């Protein structure tokens, strides 16, 4: 619990990166002066919400990976605040919109590959993210992606899954595996399903999943043995991969150990056909 920071080393700018009911995420700097994102709990917060962020803060402290937003520490001042590294690029989906001629598929597969490495790591640490989606993948730059928002993250321990309570609000159904909707059961393979939707979102350059559907309109679809089409120009090997990520039976769905290895091959294949180059994570 040496994770507390000095309010004085933190300058919070009047810049909001995102928001929501929990409060807002703002940009600032922390002492040289590293850029940081600050999750500030709403002013009128409650024990429950303060405990959650506190648990969230605790989970992030256990994670040490390049493809995951790092926790700088927690700061208790005029409000409870989660201070974590900054990913200036922003969300993967808003980033890819209208950029099919700027960001080739090889670059998209690069970012998706990095995400698969982060999740492989998460799986090993037996943590379930639950909210993996393009909007929660943040870019440091165009060749460096990071998984963020561990607000719904949870440790599994010896268990390979858990049944969650139902909190007020709506569920991002289009990103949930069948067993998540029918039995509220979550696991790594559940994150794999979300990873598959994430691949689709990215490979389709920012489009919304099941665009035109909503609610039980989606589950009925999946139930019948149907899924999203192959995005335009997405290589067969990639689609075969995201498709396998949508295997109904939990037991028959690949784990991140296999997804990463498969995503790695699909990526290096494309990358080996590109002209020019960039650097490591840059």
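Positions refer to the first chain, counted from 1.
Asks: Residues without coordinates, deposited sequence, stretch from residue 31 to residue 32: is the count none, 1 to 3, 4 to 9, or 10 or more?
Replies: According to the record, 1 to 3 deposited residues lack coordinates from residue 31 to residue 32.
Asks: Taking only the CA atoms, which stretch has the higher mean B-factor in the record, 178-186 or 154-162?
Replies: Comparing 178-186 with 154-162, the higher mean C-alpha B-factor belongs to 154-162.
Asks: If you average the Cα B factors in the entry, which is higher, 89-97 or 107-115?
Replies: Mean CA B-factor is higher for 89-97.
Asks: Per the entry, which of 194, 141, 148, 76 tops the list for Cα B factor?
Replies: When the deposited C-alpha B-factors of 194, 141, 148, 76 are compared, 76 is largest.
Asks: Going by the CA temperature factor in the entry, name the top one among 244, 237, 49, 229.
Replies: 49 has the highest C-alpha B-factor of those listed.
Asks: Relative to the other modelled residues in the chain, which third contains the C-alpha temperature factor of residue 274: lowest, middle or highest?
Replies: Highest third - that is where residue 274 ends up once the chain's C-alpha B-factors are sorted.
Asks: Which third, lowest, middle or highest, does the CA B-factor of residue 61 fall in along this chain?
Replies: Answer is highest: the recorded C-alpha B-factor places it there.
Asks: Where does residue 125 sit by CA temperature factor within its chain: lowest, middle or highest third?
Replies: Tercile = middle for this residue's CA B-factor.
Asks: Report the third (lowest, middle or highest) to which the CA temperature factor of residue 171 belongs, ranking only the modelled residues of the same chain.
Replies: Highest third.
Asks: Residue 255: which third of its chain by C-alpha temperature factor?
Replies: Its C-alpha B-factor, which the entry lists for residue 255, ranks in the lowest third among residues of this chain.
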